[PDB]
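Undergrad: Before I ask anything, here's the sequence and the deposited coordinates:
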Amino acid sequence: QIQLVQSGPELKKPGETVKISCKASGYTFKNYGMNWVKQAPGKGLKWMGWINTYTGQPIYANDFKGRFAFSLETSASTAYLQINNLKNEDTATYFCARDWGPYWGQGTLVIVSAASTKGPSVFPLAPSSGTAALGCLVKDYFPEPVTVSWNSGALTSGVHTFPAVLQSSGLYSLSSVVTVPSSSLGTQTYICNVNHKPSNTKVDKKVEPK
Amino acid sequence: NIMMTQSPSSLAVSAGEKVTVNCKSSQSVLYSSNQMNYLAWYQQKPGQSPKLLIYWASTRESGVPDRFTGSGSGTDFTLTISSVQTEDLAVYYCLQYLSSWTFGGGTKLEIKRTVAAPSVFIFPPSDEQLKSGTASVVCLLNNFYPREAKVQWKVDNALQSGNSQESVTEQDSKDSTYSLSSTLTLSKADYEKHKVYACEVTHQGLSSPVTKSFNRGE
């Protein structure tokens, strides 16, 4: 069973350095050159370059000349990718991928952000004025992820929890919306249940008409 | 550098349709001495590593379903799905590896459905939020198709720019639609400088643009 196992997700402040690990397994490491591929959030695959795993020589794509370095520890059958002086544009998933065949690491996600760990503020998106919309603004937290549920799970139909976005501050933000029948406002109680395991915080917010 | 032009970049399909993705090399990837094309096809699903479907342009990777085949030679390559299934909804990439690596732009495969106008809702900031000095105004675009939609923010008729972020759901697995949030970020002092907050929505399915609005305080 051949596999590449990369190191875990990385959360880094601008300016810092990150060294990503790719551990190979199940074949003669030195016989196969290793490739590095970058994928920015939502974008295509970008070949960054290649390293000779016997002699150590690196070859870099023209866009990754400077700030990027491939290296080895052949004793341990490991390839390293180092990024110096991290920018916003280095936020991406980084893959190692071996020459010949179908082998790829699972990818290392790199987030660049000024933020430290912080749990969300949750604000009501209150219903308007025969179906109404309502929801919860989950703002100013870090890192990913948060889970949102509605009425402790009792309400799943009509729910949209959007993908998070990075604000300029480096803090994440999303909204959870639900469409419900107008007639139920003032009868039915709507609570959104936000959980953020990194900050170890849990928040419920009732959402009612203003 | 061998350049790789993949097309189309997006494809909307039904159960059982035949699907064709075309790759174009700027230089031949046929190595003359061994008559092999140094070309591969990958399927990649959200949050997953790319998965090798075909290499040497036409050899299928063991485990890939039979309905995938690659063909062509030299500069022109095609990936065919004889009969597409929901299992195959993914993004596909070509790869030349004769002279370094070059991936195509990628081809996204979605489920086609009838056009659907979005349901638009606008959400003012909460009083709780205003206490911290920032005001978030939220515009919801609910259950529409296709993905393309223009959201315009208007504060007191003044077109906003640079101060909003959008977010799109993935194509819904039950009714094949998308949803979009747009969030305008203002300071409490700017937010109270103005009265009429409007969200203006353009979409294939609306006869004309749709505005949802509210008056601060009312």
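TA: That came through, no problem. Numbering: from 1, shown residues only, chains lettered A, B, ... in the order given.
Undergrad: anything in whichever strand or helix holds residue B:120 near chain A?
TA: Element membership for residue B:120 (DSSP states H and E) is strand B:119-123. Yes. Counting by C-beta under 8 Å from any C-beta of the partner chain, chain A has neighbours in strand B:119-123: B:119, B:121, B:122, B:123. Heads up, the C-betas are built off the backbone N, CA and C, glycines and all.
Undergrad: quick one: contacts of that strand?
TA: A:125-126, A:128, A:131, A:133, A:135, A:177, A:179, B:137-143, B:197-199, B:201, B:210, B:212-214 (C-beta atoms under 8 Å, 6 or more residues apart in numbering or on different chains).
Undergrad: SS state for the nearest residue to residue B:163 once chain neighbours are set aside?
TA: In space, and not counting its chain neighbours, residue B:163 is closest to residue B:185: 5.4 Å by C-beta to C-beta, 6 or more residues apart in numbering or on different chains. The three-state assignment at residue B:185 reads strand, by DSSP: H, G, I helix; E, B strand; the rest coil.
Undergrad: Count the residues that sit near residue B:185.
TA: By the measure other C-beta atoms under 10 Å in any protein chain shown, the count of residues near residue B:185 is 20.
Undergrad: Ok, residue B:107 next?
TA: Neighbourhood size, residue B:107 [other C-beta under 10 Å]: 23.
Undergrad: One more: residue B:3?
TA: Neighbourhood size, residue B:3 [other C-beta under 10 Å]: 11.
Undergrad: do you know how far the closest residue in space to it that isn't next to it in sequence is from residue B:98?
TA: Nearest in space to residue B:3, with sequence neighbours left out and distances taken as C-beta to C-beta, 6+ apart, is residue B:26 at 3.7 Å. With distances taken as C-beta to C-beta, to the nearest Å, residue B:26 is found 12 Å from residue B:98.
Undergrad: Pick out whichever of these two has more residues nearby.
TA: residue B:98 (17 against 13).
Undergrad: OK, contacts around that one?
TA: By C-beta under 8 Å, 6+ apart, the contact set of residue B:98 is B:2, B:29, B:31, B:38.
Undergrad: same check, this time on residue A:132
TA: A:179, A:180, A:181, A:182, A:185.
Undergrad: and which of those residues is nearest to residue B:64?
TA: Checking the contacts of residue A:132 against residue B:64 with C-beta to C-beta, the nearest one is residue A:179 at 40.2 Å.
Undergrad: Give the helix, strand or coil label for that closest one.
TA: Here residue A:179 is recorded as strand under three-state DSSP.
Undergrad: Excluding residues flanking it in the chain, which one is nearest it?
TA: Nearest residue to residue A:179, sequence neighbours excluded (C-beta to C-beta, 6+ apart): residue A:158, at 4.5 Å.
Undergrad: Please list the outside residues in contact with stretch B:59-72.
TA: With contacts defined as C-beta under 8 Å, 6+ apart, stretch B:59-72 is touched by A:102, B:23, B:37, B:39, B:41, B:52-55, B:57-58, B:77-85, B:87-88.
Undergrad: Mind checking which of these are buried?
TA: Burial of those was assessed by neighbour count (16 or more other C-beta atoms under 10 Å in any protein chain shown); the buried members are A:102, B:23, B:37, B:39, B:41, B:52-55, B:57-58, B:77, B:79, B:81, B:84, B:88.
Undergrad: Which one of those is nearest to residue A:77?
TA: Among these, residue A:102 lies closest to residue A:77 (C-beta to C-beta), at 18.5 Å.
Undergrad: For the closest residue to residue B:49 other than its chain neighbours, give me its contacts.
TA: Distances taken as C-beta to C-beta, 6+ apart put residue A:104 closest to residue B:49, at 4.4 Å, once the chain neighbours are dropped. Contact analysis of residue A:104 by C-beta under 8 Å, 6+ apart lists A:4, A:95, A:96, A:97, A:98, B:49, B:50.
Undergrad: Would whichever helix in chain B runs longest count as contacting chain A?
TA: Using DSSP state H, we find that the single longest helix of chain B is helix B:188-193. No. Against chain A, helix B:188-193 shows no contacts by C-beta under 8 Å from any C-beta, the least distance being 13.4 Å.
Undergrad: Quick check: can you name the pairing partners of the strand holding residue B:120 and their directions?
TA: Strand B:119-123 has its sheet partners listed here by DSSP bridges as strand B:134-144 (antiparallel).
Undergrad: Quick one: distance of the strand it pairs with to the chain centre.
TA: 19 Å (C-alpha atoms, centre = their mean, to the nearest Å).
Undergrad: how about that strand as PDB, C-alpha atoms only?
TA: Provided in PDB are the C-alpha atoms of strand B:134-144 (Å, rounded to 0.1, in the frame of the first residue of the first chain):
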ATOM      1  CA  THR B 134     -20.100  47.800  13.000                       C
ATOM      2  CA  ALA B 135     -23.300  47.300  11.000                       C
ATOM      3  CA  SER B 136     -23.900  44.300   8.800                       C
ATOM      4  CA  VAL B 137     -26.500  44.500   6.000                       C
ATOM      5  CA  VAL B 138     -27.400  41.100   4.500                       C
ATOM      6  CA  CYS B 139     -29.000  40.300   1.100                       C
ATOM      7  CA  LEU B 140     -30.300  36.700   0.600                       C
ATOM      8  CA  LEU B 141     -30.800  35.200  -2.900                       C
ATOM      9  CA  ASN B 142     -32.700  31.900  -2.300                       C
ATOM     10  CA  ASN B 143     -32.900  28.900  -4.600                       C
ATOM     11  CA  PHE B 144     -32.000  30.100  -8.100                       C
END
